[PDB]
Amino acid sequence: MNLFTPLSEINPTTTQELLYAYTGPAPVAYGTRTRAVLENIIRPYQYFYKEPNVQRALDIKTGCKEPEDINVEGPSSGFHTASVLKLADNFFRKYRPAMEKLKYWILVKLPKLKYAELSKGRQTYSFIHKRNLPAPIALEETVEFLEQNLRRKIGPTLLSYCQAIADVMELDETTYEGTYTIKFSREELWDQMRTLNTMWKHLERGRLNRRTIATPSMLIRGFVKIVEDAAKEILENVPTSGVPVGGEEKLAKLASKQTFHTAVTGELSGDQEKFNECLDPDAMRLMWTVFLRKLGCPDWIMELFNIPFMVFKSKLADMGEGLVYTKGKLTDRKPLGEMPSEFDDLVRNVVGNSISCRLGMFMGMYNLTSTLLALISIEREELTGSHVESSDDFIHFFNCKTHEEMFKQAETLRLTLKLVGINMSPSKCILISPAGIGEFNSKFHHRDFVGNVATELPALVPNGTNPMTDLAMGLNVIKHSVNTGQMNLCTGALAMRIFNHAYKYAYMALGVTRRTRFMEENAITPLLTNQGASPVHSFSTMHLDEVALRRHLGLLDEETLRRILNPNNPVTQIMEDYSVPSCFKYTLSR
Amino acid sequence: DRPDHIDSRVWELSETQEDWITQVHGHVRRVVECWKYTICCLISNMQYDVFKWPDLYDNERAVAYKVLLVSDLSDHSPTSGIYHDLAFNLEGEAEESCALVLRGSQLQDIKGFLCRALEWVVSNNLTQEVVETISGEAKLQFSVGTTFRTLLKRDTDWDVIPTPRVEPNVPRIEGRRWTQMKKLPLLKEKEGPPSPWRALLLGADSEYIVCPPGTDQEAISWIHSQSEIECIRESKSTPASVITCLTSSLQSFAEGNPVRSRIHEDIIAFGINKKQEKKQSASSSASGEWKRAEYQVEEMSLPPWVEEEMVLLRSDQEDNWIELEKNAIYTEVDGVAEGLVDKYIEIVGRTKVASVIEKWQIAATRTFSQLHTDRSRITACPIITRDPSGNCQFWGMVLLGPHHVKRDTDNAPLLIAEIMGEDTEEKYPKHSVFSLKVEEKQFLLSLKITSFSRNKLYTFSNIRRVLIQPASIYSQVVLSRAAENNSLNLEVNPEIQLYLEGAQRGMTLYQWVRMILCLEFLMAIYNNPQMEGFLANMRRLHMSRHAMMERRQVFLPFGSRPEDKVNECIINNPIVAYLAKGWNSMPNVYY
Amino acid sequence: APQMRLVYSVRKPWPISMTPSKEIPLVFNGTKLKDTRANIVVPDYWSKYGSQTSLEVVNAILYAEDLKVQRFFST
RNA sequence: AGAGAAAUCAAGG
RNA sequence: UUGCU
């Protein structure tokens with residue numbers, strides 16, 4: 001580690017990107033997730049009281065507690081209902097113009113949202129086939145389920161889809177009718193909405209232990225999109241959120257104005273422990289109600305926003321395929337209630353292969369809304385500093401007159417987050433008394449230098465579609481890293497060398513291959529990069545197509561250019577591609 | 001009063017055109033009307049006529065128009081055949097039909113004016129009011145029935161719309177004082193047997209045999225036909241009988257057959273039917289009661305070979321071993337970028353670690369290429385590189401056993417043969433060492449029985465990406481010197497001050513970059529949950545140290561022990577232990 | 001992931017899929033080109049022994065892309 | 001055997 | 001069948 005701590009011409013902040021082992025393979029989770037899922041579920045009941053009392057906490061419906069119940073010395077799941085009303089009220093007067101765009105979004109964009117965007121979600125557990133399917137197929141069967149039971153066509157608007165969800169649960173009995181003709185009652189359909197599909201969070205770096213993420217049912221996914229999109233509208237207009245923009249300019253402005261005269265500054269960098277193991281859905285369901293009520297939204301808007309959180313209060317988390325039990329050298333997987341374990345307090349909450357729990361959250365359900373619950377707690381008279389936060393990651397800049405004033409504000413910041421159910425991680429929060437050093441969302445700050453370090457290295461290999469698309473896609477990825485500061489003048493140039501040399505190898509343009517042997521035998525000179533010719537792109541020409549640029553420099557003559565650009569050739573016939581149609585835009589056989 | 005974006009001349013023009021006061025919300029409706037007239041003025045700014053106060057008539061096309069503001073452009077329908085209409089959103093955008101009638105001049109003028117009009121409505125909190133004037137009421141578009149309402153309220157103490165009756169107030173809570181980190185924490189050093197080498201390949205000990213130029217088959221045939229193999233050190237993990245597996249694959253590959261049939265020794269080498277044998281053995285000797293599984297990870301100490309691996313990996317070579325095609329140069333910025341990379345390649349190219357990276361690059365690529373199908377036979381994957389003169393360099397061979405992987409994270413049995421320089425029993429306890437004779441030259445051949453997943457092979461198939469991190473550090477040193485000296489010098493070789501063996505001594509930049517790459521390579525090939533957890537929690541301690549150097553003060557919350565988050569990740573990883581000892585060697589207090 | 005399969009896919013005997021045609025010979029210089037599905041060589045063969053289009057069509061395809069080239073080289 | 005790390009692979013038929 | 005420094 002002493003090799004990563006220079007003392008001359010370079011500071012340790014510059015070498016923070018040397019503390020990343022992203023070159024090697026990412027960790028992967030193995031086997032059952034039941035222990036991890038149950039550990040996630042049992043934490044908020046352990047943290048609800050100062051002394052661990054899971055049995056009493058399991059009877060709590062709304063996780064509202066008195067101020068004396070909040071654990072100052074440890075994690076404290078649950079919220080204070082009086083604080084949430086006041087803190088959300090404080091968040092309304094401040095950033096009032098910011099929340100005016102939310103009202104415009106509700107009155108204009110919200111009725112115009114299409115439910116077809118639900119097809120771009122992650123893997124969805126089917127309530128029909130009782131197995132995981134991708135989103136677009138899951139949406140298609142869910143919509144047909146709604147149409148047949150409700151005897152009407154569903155409008156393209158997302159509101160119409162959500163209205164159908166509310167209407168179908170009013171039916172006594174529901175059927176699919178394909179062949180399969182499977183049949184649900186109201187309680188069975190209700191259990192499908194409550195069910196959360198837990199799964200391992202694969203390819204996650206920076207952690208010793210594997211966590212789990214949960215996905216919601218496609219029936220409730222329509223309601224979840226509305227509140228998340230509304231939360232995204234607020235976060236893009238409030239300066240205390242680092243989620244929007246994407247270029248991470250929020251920390252840049254704070255770095256520039258950090259210069260203060262004759263003032264005790266301060267920079268607090270830290271994370272939140274058990275961020276998804278302590279938040280209560282009723283906490284941010286009350287926060288949303290306060291926002292809409294004071295904004296003047298109608299009653300049906302209030303009911304629409306509260307439903308997704310009300311379902312989450314009744315969530316049925318799927319434990320998985322069981323806890324591992326060992327007699328000798330053999331292993332067996334058993335459900336929670338079969339034999340005693342460390343999770344015996346939750347046996348009474350087992351409902352089939354799922355388990356019911358009213359407190360706590362999961363990582364991949366409400367990210368943007370959880371950020372809002374953190375931002376409203378910052379809005380107090382005592383907290384006069386600048387705060388930036390993105391989920392369980394925050395930075396706060398103190399600007400006080402005395403050191404004791406900063407410490408009072410630092411503790412007030414810690415306690416005000418505990419009023420909404422958010423606990424600072426004591427071992428992960430560092431306060432630098434002279435402000436000018438801090439980290440936030442893999443952005444290391446030192447005075448005016450804000451170092452952007454990528455959490456994952458861009459893939460320096462061709463995508464795998466065709467040489468023209470792969471070259472354009474690969475260089476665009478390098479261009480993004482340079483633009484965001486994750487790469488610099490030399491690293492970006494080295495990135496092409498690694499990419500170009502790997503791009504040539506994948507298409508048999510390197511060494512002696514069958515493709516290469518043909519060209520030097522039939523006197524076919526390499527004229528394109530995928531053919532083995534010298535790379536024509538440069539550091540300042542990342543955005544230029546190879547075919548067009550080679551024509552300008554004379555690399556591609558007129559004769560070859562006409563052949564490769566023939567629209568009737570038999571070979572072929574950012575997110576999008578600036579690639580001209582040529583004979584090298586072929587499709588690999590399946 | 002009149003809004004700023006609304007001109008005074010327009011304000012009094014419409015003052016008497018309609019009974020603004022004798023309406024519902026007359027003030028907002030008046031401003032909306034002034035928007036429409038202002039749009040007409042921007043349309044006819046230089047043809048278009050005016051009837052406002054059909055309301056505008058083009059003379060070039062002899063068409064009458066009537067500007068109407070609509071909340072949603074997609075909700076446009078022909079209002080009337082008497083007069084054509086242009087519909088504009090409150091944000092300033094126009095319908096696709098609007099762009100045809102107008103052009104860039106008028107369209108750009110109308111937008112921006114509607115933007116500041118949208119700013120005015122946001123500022124005065126009238127967003128609902130303009131929409132109720134631009135269009136009709138939105139009525140009720142969502143309702144919750146009685147039965148669904150009852151279900152939603154089973155697990156909460158509030159109604160669908162929460163109305164708690166508590167008085168909004170923020171209570172005062174007694175907190176805990178923040179303490180100052182006066183000294184940097186020390187990391188726990190684990191005790192136990194030294195960690196063995198547990199990477200896929202050998203690393204610094206890797207060597208190669210020079211072969212006459214040719215193809216892979218010719219190189220294998222050259223080695224197989226005139227080599228002598230005899231065991232000098234046998235390990236229980238890798239029985240010496242698996243040498244027949246390698247020689248059979250050497251003979252098959254030399255004859256043009258990378259895939260050969262199973263032999264008897266393949267069962268031990270690749271663990272065929274090991275799943276059933278261990279399951280049968282476990283069930284036969286199973287007695288007692290079922291208990292919750294408790295897995296233990298054995299703690300191991302820092303091995304002595306890590307330091308000597310760093311020294312060997314930094315050693316000089318003869319060839320460059322990093323031959324990446326030079327990119328094009330068109331601008332002055334481009335030329336500087338290529339010069340920095342060219343100089344960086346010279347610094348780290350002629351190093352042992354660069355050659356080892358190439359060996360890992362080739363070995364992972366060849367092994368990965370044979371794991372795209374299901375094969376019940378054994379495939380031989382030679383690790384052969386070629387020097388500029390063309391001579392084949394035989395680093396070793398990887399044998400891929402029967403594989404039927406369904407997921408990319410499943411392990412595939414491998415038998416890896418490598419040429420090595422110096423044998424160390426405690427560094428390679430699971431390796432079997434064989435003495436190899438090739439034309440009066442002694443070589444040492446290692447055999448290990450390993451399983452290694454497809455995903456991990458893919459990541460190491462582009463291990464050349466490890467050069468990125470040391471290049472970034474080297475680039476920022478040169479650019480920092482260029483900025484302070486106001487002139488760029490590609491040949492600058494400054495001295496870097498570091499804490500070495502507990503003492504502060506300067507060291508050359510070129511040498512510092514070389515063994516940054518050596519350390520980064522070791523971290524890459526030993527990356528695991530211990531490595532990921534260690535580095536992630538080490539960054540704040542590294543940040544804390546840098547704060548202490550420049551006299552800044554570090555403060556912590558009540559129950560703050562940042563070293564605990566790092567100590568829990570130090571179990572048995574050698575480089576993690578090596579990185580931990582480097583931190584403890586550094587001073588923990590700054591004055 | 002398509003990126004984990006490109007190296008294997010390209011090296012298959014017939015990696016590319018092409019519409020059936022007669023202007024591409026089955027064998028050119030001892031290398032079998034077709035059998036639809038063809039081998040990776042075929043794009044290289046077309047760049048030298050293919051049928052040429054009109055020069056006007058070439059400029060039409062490389063018009064939007066050509067503009068961004070002179071824009072870079074004029075500033 | 002081994003890979004590995006909180007539980008899996010060492011086919012499944 | 002087999003050739004990235």
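Per chain, numbering begins at 1; letters A, B, ... match sequence-line order.
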Q: Categorise the sugar of D:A10 by the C1'-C2'-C3'-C4' dihedral sign as either north or south.
A: north
Could you check whether [X] gets within reach of a base, just the sugar-phosphate, or nothing at all, counting any heavy atom under 4.0 Å?
| X | result |
| --- | --- |
| B:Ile362 | base |
| B:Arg375 | nothing |
| B:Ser461 | base |
| A:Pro27 | nothing |

(Q) Any carboxylate oxygen within less than 4.0 angstrom of a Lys/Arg side-chain nitrogen, looking at A:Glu39 and A:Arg43? (A)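 Salt bridge flag = yes for A:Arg43 with A:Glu39.
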Q) Is the shortest distance from a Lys or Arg side-chain nitrogen in B:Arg260 or B:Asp266 to a carboxylate oxygen in the other one below 4.0 Å? A) yes
Q: Rounded to whole angstrom, note down the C1' distance from D:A10 over to D:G2.
A: 8 Å
Q: Check whether the side chains of B:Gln251 and B:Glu255 place a donor and an acceptor atom closer than 3.5 Å, and report yes or no.
A: no
Could you check which of [options] has an atom nearest any side-chain atom of [X]?
| X | options | value |
| --- | --- | --- |
| B:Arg386 | D:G2, D:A5, E:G3 | E:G3 |
| B:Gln393 | E:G3, E:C4, E:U5 | E:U5 |
| B:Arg366 | E:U2, D:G2, E:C4 | E:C4 |
| B:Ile449 | E:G3, D:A1, D:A3 | D:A1 |

**Q.** Paired nucleotide for E:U1 [Watson-Crick or G-U wobble; both distances under 3.5 Å]
**A.** none
Q | Partner nucleotide, any strand, of D:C9 [Watson-Crick/G-U, under 3.5 Å] | A | D:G2
Q: Produce a footprint string for nucleotides 6-13 of chain D: one letter per nucleotide, 5' end first; B if the base is under 4.0 Å from any protein heavy atom, S if only the sugar-phosphate is, - if neither.
A: BBSBBBS-
In this structure, how many angstroms lie between the [atom2] atom of [N] and the [atom1] atom of [X], rounded?
| X | N | atom1 | atom2 | answer |
| --- | --- | --- | --- | --- |
| B:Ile525 | D:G4 | CD1 | P | 12 Å |
| B:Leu400 | E:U2 | CG | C1' | 16 Å |
| B:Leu399 | D:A3 | CG | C1' | 16 Å |
| A:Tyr507 | E:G3 | OH | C1' | 20 Å |
| B:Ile384 | E:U1 | CD1 | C1' | 14 Å |
| B:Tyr526 | D:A5 | OH | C1' | 16 Å |
| A:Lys504 | E:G3 | NZ | P | 18 Å |

Under-4.0 Å side-chain N/O to phosphate OP1/OP2 contact, [X] with [N]:
| X | N | answer |
| --- | --- | --- |
| C:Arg11 | E:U1 | no |
| B:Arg198 | D:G4 | yes |
| B:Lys448 | D:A3 | yes |

Q) Do the side chain of B:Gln361 and the base of E:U5 come within less than 3.5 angstrom through a donor-acceptor pair of N or O atoms? A) no
Q. Looking at E:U2, does its base get a donor-acceptor pair with the side chain of B:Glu218 below 3.5 Å?
A. no
Q | B:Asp319 vs B:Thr215, nearer the 5' end of RNA chain E by closest nucleotide | A | B:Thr215
Q: Determine the interplanar angle of the B:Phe452 and B:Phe460 rings, folded into 0 to 90°, and report it as parallel if under 30°, tilted if 30 to 60°, perpendicular if over 60°.
A: parallel
Q) Please, which pairs that meet salt bridge (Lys or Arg N to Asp or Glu O under 4.0 Å) have at least one residue in residues 375-394 of chain B, sequence neighbours excluded? A)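 For residues 375-394 of chain B, and leaving out neighbouring residues, the salt bridge (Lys or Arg N to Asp or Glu O under 4.0 Å) pairs sorted by first residue read B:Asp216-B:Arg386.
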